[PDB]
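Atoms within each ligand, like the ligands themselves, are counted from 1 in listed order. Every chain is numbered from 1 and lettered A, B, ... according to where its sequence line falls, protein lines coming before strand lines. Every heavy atom of this structure was used, including side-chain atoms; hydrogens, water molecules and symmetry mates were not.
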Amino acid sequence: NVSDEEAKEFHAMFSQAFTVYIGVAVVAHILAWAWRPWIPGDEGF
Amino acid sequence: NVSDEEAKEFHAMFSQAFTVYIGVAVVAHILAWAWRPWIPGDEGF
Amino acid sequence: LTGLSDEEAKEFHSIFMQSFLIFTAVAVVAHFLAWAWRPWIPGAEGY
Amino acid sequence: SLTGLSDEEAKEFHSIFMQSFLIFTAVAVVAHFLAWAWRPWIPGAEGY
Amino acid sequence: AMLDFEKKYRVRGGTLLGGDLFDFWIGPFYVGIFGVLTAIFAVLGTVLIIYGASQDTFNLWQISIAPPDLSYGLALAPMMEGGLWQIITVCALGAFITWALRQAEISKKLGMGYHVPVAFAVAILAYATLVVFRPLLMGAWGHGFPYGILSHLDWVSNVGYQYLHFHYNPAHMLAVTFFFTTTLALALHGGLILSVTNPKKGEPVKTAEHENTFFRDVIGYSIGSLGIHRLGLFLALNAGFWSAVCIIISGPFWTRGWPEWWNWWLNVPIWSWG
Amino acid sequence: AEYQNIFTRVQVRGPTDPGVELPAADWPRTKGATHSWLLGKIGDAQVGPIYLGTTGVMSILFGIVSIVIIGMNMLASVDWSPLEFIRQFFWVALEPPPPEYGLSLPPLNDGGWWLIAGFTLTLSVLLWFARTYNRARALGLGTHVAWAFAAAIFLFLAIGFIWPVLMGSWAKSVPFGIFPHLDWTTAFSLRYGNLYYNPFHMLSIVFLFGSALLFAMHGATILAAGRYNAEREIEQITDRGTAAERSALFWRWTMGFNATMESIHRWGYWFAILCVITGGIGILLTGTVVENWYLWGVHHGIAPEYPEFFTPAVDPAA
Amino acid sequence: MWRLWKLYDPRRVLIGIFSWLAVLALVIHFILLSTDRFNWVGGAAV
Amino acid sequence: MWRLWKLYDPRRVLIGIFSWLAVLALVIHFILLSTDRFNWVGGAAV
Amino acid sequence: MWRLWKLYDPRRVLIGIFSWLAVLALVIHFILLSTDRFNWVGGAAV
Amino acid sequence: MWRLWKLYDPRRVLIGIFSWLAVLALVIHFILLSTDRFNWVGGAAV
Amino acid sequence: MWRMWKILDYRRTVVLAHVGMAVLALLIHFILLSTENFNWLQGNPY
Amino acid sequence: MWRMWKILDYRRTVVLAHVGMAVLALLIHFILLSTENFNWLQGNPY
Amino acid sequence: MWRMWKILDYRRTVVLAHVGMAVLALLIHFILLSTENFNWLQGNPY
Amino acid sequence: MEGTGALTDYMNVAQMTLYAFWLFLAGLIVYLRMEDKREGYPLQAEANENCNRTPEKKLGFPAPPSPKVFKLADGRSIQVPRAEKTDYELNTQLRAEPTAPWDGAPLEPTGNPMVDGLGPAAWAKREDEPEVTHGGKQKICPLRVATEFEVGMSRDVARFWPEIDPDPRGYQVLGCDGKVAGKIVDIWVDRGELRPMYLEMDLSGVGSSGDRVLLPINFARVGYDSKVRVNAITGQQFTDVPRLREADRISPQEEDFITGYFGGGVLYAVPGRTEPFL
Ligand code: BCL
Ligand code: BCL
Ligand code: BCL
Ligand code: BCL
Ligand SMILES: CC[C@H]1c2cc3[nH]c4c(c3C)C(=O)[C@H](C(=O)OC)c4c3nc(cc4[nH]c(cc(n2)[C@@H]1C)c(C(C)=O)c4C)[C@@H](C)[C@@H]3CCC(=O)OC/C=C(/C)CCC[C@H](C)CCC[C@H](C)CCCC(C)C
Ligand SMILES: CC[C@H]1c2cc3[nH]c4c(c3C)C(=O)[C@H](C(=O)OC)c4c3nc(cc4[nH]c(cc(n2)[C@@H]1C)c(C(C)=O)c4C)[C@@H](C)[C@@H]3CCC(=O)OC/C=C(/C)CCC[C@H](C)CCC[C@H](C)CCCC(C)C
Ligand SMILES: COC(C)(C)C/C=C/C(C)=C/C=C/C(C)=C/C=C/C(C)=C/C=C\C=C(C)\C=C\C=C(C)\C=C\C=C(C)\C=C\CC(C)(C)OC
Ligand SMILES: [Fe+3]
Ligand SMILES: [Mg+2]
């Protein structure tokens, strides 16, 4: 029942929210990795 | 009930998935046996 | 869609963001005080 | 068809579904190659 | 497939969340959003339980997912030292809560009251008492019971004997009384309905006047067709509620032997007689 | 904001109900029947009349003698002190014979009063079974209630009479007291190795917990469908209304399967009596064909094995 | 194989698959956290 | 104060009062019996 | 993002958001109490 | 004695008998197993 | 063997097959994890 | 891929995503708190 | 003995016979497994 | 393992007694499940549910038992499941359209679902003859024809503390939106259970003062302010509540009509009731 125009409009809002959420998550993970890497080596951390 | 064509259409759909699923399963078991055979001898593994 | 005109939704989205901004602004200030008291990101040696 | 989808819509859904599955599997393969490079999960005869 | 009268009831609406997205049936089951959540929680918890079985034993009775040590306190434990139990506990709580929320949607869709989800919430409250409320009050998740068919019986035994005689627990005495009374009420109610609708062969199906007459003949009182269902729900829910009370006061609110709790009765100035 | 069907708001009082007329061989009912507003909030407000027949009256006489014997022995145990009787009310009992007497008749003050009290109490419940049986037949009902009661009597007789006879001593039977019979319940589990490991004790708990579960479900379902007159269950069985349909559909949509309005009472009926039937069987099995239920559980591979946490104790006399 | 969607509703299979993938991803990540060798946050050595 | 009896049912007041007196007299008499000093039938010595 | 309020009732969104904040704030506060470093009322010394 | 079959349904009687025979046969076989002398699978010596 | 789908409904069999194989695939993988020689995550000597 | 919002209701998905993401984020933060090397509140040496 | 099928419903009997014989066959095999002389899996000396 | 109760080297009496009960319990569960299938079976498998595209009857496991015959007191024998109740359900044409063509999709009502009988508004097919008591009187009847009944279980409570023993005759009826639909003019009582089943009310607030309509007691909140509040339906929707064929009698079919209509207001009384919280 949902038309193409509103479906694209829903995707427009979703894309904006997704990229903002992704950006903070990527930045948070860069900071967390800079703080302490979570992939242990052969001998651990 | 269903016609000969619909039954054959379903079985063609079933034969595609059965072949791929059994093919992956057979390849997986060949690799698994090459790794560690699961049939022990009289003295064990 | 729930009963709400563009004028009312736009009016709500202005108060909502300002309320969100004020709430976050106080929270950021509260975290500045909390960090100045005791930082919560340890170093390699710990605390 | 007991779904309402016509033949062309069934084909349209299948094309996106297969593409989404392949992209999901491709990311998974990349994840497993990175995972294997970190620590392999198939032990040898003497173990790890 | 559906019951021959089911078609006119499978309508849209009544959901709490999810709406049209999850409002459909798979076979006889209504799904809803909470059905997806309760299925995810149920499968995840069961598969984690089966993994815990794989690491200890596959014997159905000997499978045991034990909580962490008391030394861990309220912290999340490592997976093989009680952390798996903690993950399954939150999955089980999620599964139970989504189950009752799913029943609320089904109740609303059928125009029924929310009595069933609320009555089930009493059972959820009792379970949450065992694994959340009592462990929280005592300060460690290790006070919860292990997830095992036979291992959690040993937990009940040892916890009951931590107070040297659990039969003397006053709330436990009341809760057992409700448990015994509700199955007595169920036997009476189940039998009475069957006796009326399945009388001696040849006789017609009796009426509600026979039901009142029978129990007034036997014990002098009849609670009625509406009263018995109120009484049955009351007895069952008090059995659930006082079960939670009896275990919540065992350790957070009483650390001594339960028989010693009755010393207040023995020292009442009315009947000291010494 | 909706009527929760918890208490009756509006009540109507007609004339007191004499009841369905009995065949012209039963005793007349009593002529005392009243209406209680408090009981009308929950259900039917009428109290009385009650039927007193041959079996009903004889059951009371045996029951009174049992209660008098128990009560007088309790009162004599505290030196006839009503104050000490209230103080020791939960602790007093009529003690069974000591083990030295076996199954023989013991002296009155050494278990004899217990055996007489047990005998008359057994007669009263047996006559009460016949009273319940006859009342159902007199009104032309089925005897389901009587047979549900007979299942309860089976556990009563298994615990107190059948199992002690199989063990060969009245001492193993249970004293007539509140805390003393809880002590018997615990000492039973201690003596025979954790009755938690008795499979029939497990099953009896399944149906005990399942009975409360079923009545919680059924009681809530009927109250939730009370908008559609669900509590009138006889009419819903012979003429399925929308309340029976919604009740059946509620559980079908929930857990995939459902009962009928009649069949849920069969489920509740059998769950209640299986709790008490399996319980009686489990009590008969212990001591007779199983000595230690934990060791039996180990023998059948059901006892869990725990890793080390402490230094195990070693029996000094081993 | 496109005829599979003439039998199963796309929405119901998407919910079924996403639920299965969510459950499966959690189980494997949790199973790895149980094992010391693959507990990345645990940081065990080889 | 006589307006009380137009407002309250005299029977339920008297039954309520007599019940309270019956219980209170019994409790007080029992309380004295429990005490060594005031147990008149025990015959204790001050 | 003003069109989000044409899709949801603002009252219900605020109830959900406010209830989430209440649970979040309590958990974080009680987590800090459980810590031997951020327990402010417990007199923890670093 | 053939009049018995007009008093009772032949099917109902046969099911009652056959169930009685099945339960009794199981009981006697297990009673013999419990005894030391008549346990055939145990291979006891008399 | 296309005659199978004139007897058994193909749509319900596929769902039955997928759910049933899901349980079996998990069950066998878990059985191997219980063993010593086939737990690939533990990596015990063969 | 705007076509995904034809199959699935968008606004119902948004609520489901927020509730689901809340559970996942809490789960991961709690996992890190249980670990020795990533408990930022306890601050163990790396 | 074909009159047995006018008294007994043949369709019901065959299903009950298969289930009843399944129970009996499983029981007897399990009885032999619980013995020492006839447990073919353990292979004790005879 | 030696001692009394031993059956073999491993089997003992308590183990075999347990397996005897497992066999009995399995048989009982089969019997109980068969008793569960005396209403609503065999299942109607609609065309969209099967690849053969034809409606089918499904029995399930265990299959439904033989039909059960109830002897009724008036002199009738009714076979359960009833033929006419099933015949009505599989012949009526619902005024609803499934939201999606596949099986399991919910129905979207086309007309007014409250009066058409969809979902919570649905009614069962029941007998149109009003029930009678064992004595022979009319079972459900208003207080005007049943003069032996008085309102209020206790005269003293209803007199001196009337809040907790109310007499709702003469009260006002309020809809879910506060609309004053009418005024209670009578109470219908069940001579078998001695309970108020319905509250008869005029429609003076939304119709005529002479139009009578029945409000089920379980759909009515009888407050302490001489008001009766009906959260089920709007005050204006009282005008469409099904009317009695006879002004002094109500049949089991009529009871389902009335309780079905008010139950329809759980989802359909006002816009938004059928929608989720979020
Ligand atoms: C002012 C405007 C609104 C708002 C307007 C919107 C709009 C419009 C959208 C979002 C969307 C999102 N918003 Mg928002 N959002 C707001 C501000 C925020 C803030 C913040 C703190 O400021 C955060 C963190 C978020 C976060 C989010 C995400 C939930 C989502 C983006 C990711 C996504 O695509 O999900 C997709 C990911 C999934 C669906 C994965 C689902 C995970 C499943 C459910 C896992 C469940 C299993 C579970 C973990 C099992 C537990 C077992 C355990 C053992 C217990 N929003 C405010 C409140 N937001 C987007 C969205 O949700 O689209 C769907 C979107 O379109
Ligand atoms: C491409 C679109 C769909 C898809 C389209 C199809 C189509 C079309 C078909 C399949 C079929 C199959 N698909 Mg598929 N399938 C997909 C991708 C997959 C993937 C994957 C990871 O990519 C896997 C592993 C599978 C797996 C499968 C198998 C279940 C099945 C093929 C084997 C078979 O014939 O079973 C046959 C075996 C049985 C029927 C036996 C049934 C087993 C019962 C339930 C007994 C098991 C008991 C169990 C052991 C109990 C556990 C123990 C407990 C303790 C009690 N599919 C995608 C998602 N798939 C075929 C199929 O299902 O045919 C039946 C088929 O026709
Ligand atoms: C030494 C042992 C002590 C003793 C120690 C204890 C301890 C310890 C406890 C009890 C508890 C109880 N004891 Mg005690 N108790 C003793 C002797 C007795 C005797 C007796 C005859 O002697 C009786 C009748 C009882 C009876 C009771 C009840 C009052 C209570 C159990 C019911 C309950 O908890 O409901 C509550 C019901 C639940 C918690 C069930 C929860 C339901 C959940 C929400 C749903 C689960 C769904 C499931 C996962 C679905 C499965 C999947 C599907 C099947 C497919 N005890 C002896 C003396 N007892 C328990 C209690 O009261 O705590 C609450 C308890 O912890
Ligand atoms: C430490 C204690 C032991 C324990 C020791 C025992 C012993 C011993 C027994 C049980 C029994 C039972 N236990 Mg246990 N039990 C334990 C822990 C539990 C727990 C728990 C959560 O921990 C639960 C839920 C239970 C529950 C149960 C029930 C399933 C079962 C009682 C059924 C019943 O309703 O009898 C109550 C009903 C009756 C006894 C029948 C009543 C009918 C008669 C006719 C009543 C007549 C009334 C009379 C006329 C009134 C006037 C008399 C005069 C005034 C004197 N036990 C632990 C392991 N348990 C009983 C059983 O069946 O064992 C398998 C039993 O004998
Ligand atoms: C409070 C009064 C009584 C009561 C009421 C009650 N129970 C109820 C209801 C009500 C009103 C329902 O509506 C609901 C229902 O739908 O019943 C059919 C239910 C229910 N009560 C149930 C069980 C149950 N009730 C119990 C007790 C009681 N229920 C009380 C005595 C018990 C006991 C005493 O042990 C049990 C086992 C279910 C049949 C059902 C709710 C089922 C449910 O929520 O299922 C969700 C899906 C799952 C598969 C659950 C998975 C959970 C986890 C992910 C995994 C397992 C974790 C668990 C901790 C394992 C524990 C194992 C060991 C303890 C052996
Ligand atoms: C399915 C098993 C469950 C069950 C079922 C069950 N019990 C039953 C029944 C059933 C089906 C009955 O029909 C029967 C009954 O009457 O129920 C209302 C009964 C019953 N279950 C009872 C009790 C009971 N049931 C219990 C348990 C259970 N009952 C199980 C949980 C327990 C427990 C948990 O221990 C108890 C204590 C009784 C209330 C009743 C059986 C009544 C009976 O046997 O009466 C005779 C016995 C006597 C001791 C006689 C007493 C006489 C009075 C003391 C006379 C008083 C003096 C004077 C006459 C009064 C007037 C005074 C004057 C001054 C005017
Ligand atoms: C002084 O008091 C007065 C007189 C004022 C009145 C007061 C009475 C009071 C206070 C009574 C109090 C009673 C109480 C508290 C009773 C408590 C009872 C309890 C809790 C009992 C619980 C369990 C008891 C059981 C299960 C007993 C079972 C005994 C049985 C089944 C005995 C059977 C005995 C038989 C069948 C005897 C057979 C005799 C033969 C002839 C066979 O022996 C040779
Ligand atoms: Fe009922
Ligand atoms: Mg003692």
Candidates L:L27, L:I28, G:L21; heavy atom nearest atom 53 (C) of ligand 1 found on L:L27
Candidates A:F14, L:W5, G:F30; heavy atom nearest atom 61 (C) of ligand 1 found on A:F14
Give the table of side-chain donor-acceptor pairs shorter than 3.5 Å for residues 14-21 of chain A, with sequence neighbours excluded, one pair per line with atom names and distance.
unit_1	atom_1	unit_2	atom_2	d
A:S15	OG	A:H11	O	2.6

Contact region, A:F18 to ligand 1, non-hydrogen atoms below 4.0 Å, reads side chain
Check: of C:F20, L:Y10, I:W2, I:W20, min heavy-atom distance to atom 8 (C) of ligand 1 comes from L:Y10
What are the polar N/O contacts of ligand 5 with the protein below 3.5 Å, with distances?
unit_1	atom_1	unit_2	atom_2	d
ligand 5	13 (O)	E:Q103	OE1	3.4
ligand 5	13 (O)	E:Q103	NE2	2.9
ligand 5	16 (O)	E:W99	NE1	2.9
ligand 5	16 (O)	E:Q103	NE2	3.2

Of I:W5, C:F16, E:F41, the residue with the heavy atom nearest atom 1 (C) of ligand 1 is C:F16
Nearest non-hydrogen protein atom to atom 3 (C) of ligand 7, with distance, is F:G71 CA, 4.5 Å
Discussion item. Could you check whether atom 37 (C) of ligand 7 has a protein contact, counting only heavy atoms that fall below 4.0 angstrom?
Written reply: yes
By side-chain hydrogen bond (donor to acceptor under 3.5 Å, both in side chains), F:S247 pairs with (sequence neighbours left out) none
Atom 2 (C) of ligand 1: closest protein heavy atom, distance to 0.1 Å, is I:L4 CD2, 3.8 Å
Would you verify that at least one protein heavy atom lies under 4.0 Å from atom 50 (C) of ligand 1, or report that none does?
yes
Among C:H13, I:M1, L:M21, L:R12, closest by heavy atom to atom 42 (C) of ligand 1 is L:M21
Check your understanding: With distance as the sole criterion, is a donor-acceptor pair present between the side chains of F:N258 and F:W253 under 3.5 Å?
Key -> no
heavy-atom search around atom 45 (C) of ligand 1 in the protein gives L:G20 O, 4.6 Å
For E:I87, the ligand 1 atoms with a heavy-atom partner under 4.0 Å come out as 54 (C)
The atoms of ligand 1 lying under 4.0 Å from a heavy atom of E:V90, numbered in the order shown, are 55 (C)
Any heavy atom of F:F85 closer to ligand 7 than 4.0 angstrom? yes
The protein N, O or S atoms lying under 2.8 Å from atom 14 (Mg) of ligand 1 are L:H18 NE2
**Message:** Does the protein place a non-hydrogen atom closer than 4.0 angstrom to atom 5 (C) of ligand 7?
**Reply:** no
among protein heavy atoms, the one nearest atom 44 (C) of ligand 7 is F:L105 CD2, 3.6 Å
Take D:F24 and G:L21 through the test side-chain contact (heavy atoms from CB on, under 4.5 Å) and record every step on the way to the result. CA-CA 11 Å; D:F24 181 75; G:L21 295 180; 4.0 Å; yes
Logged contact type for L:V19 with ligand 1, heavy-atom cut-off 4.0 Å, is neither
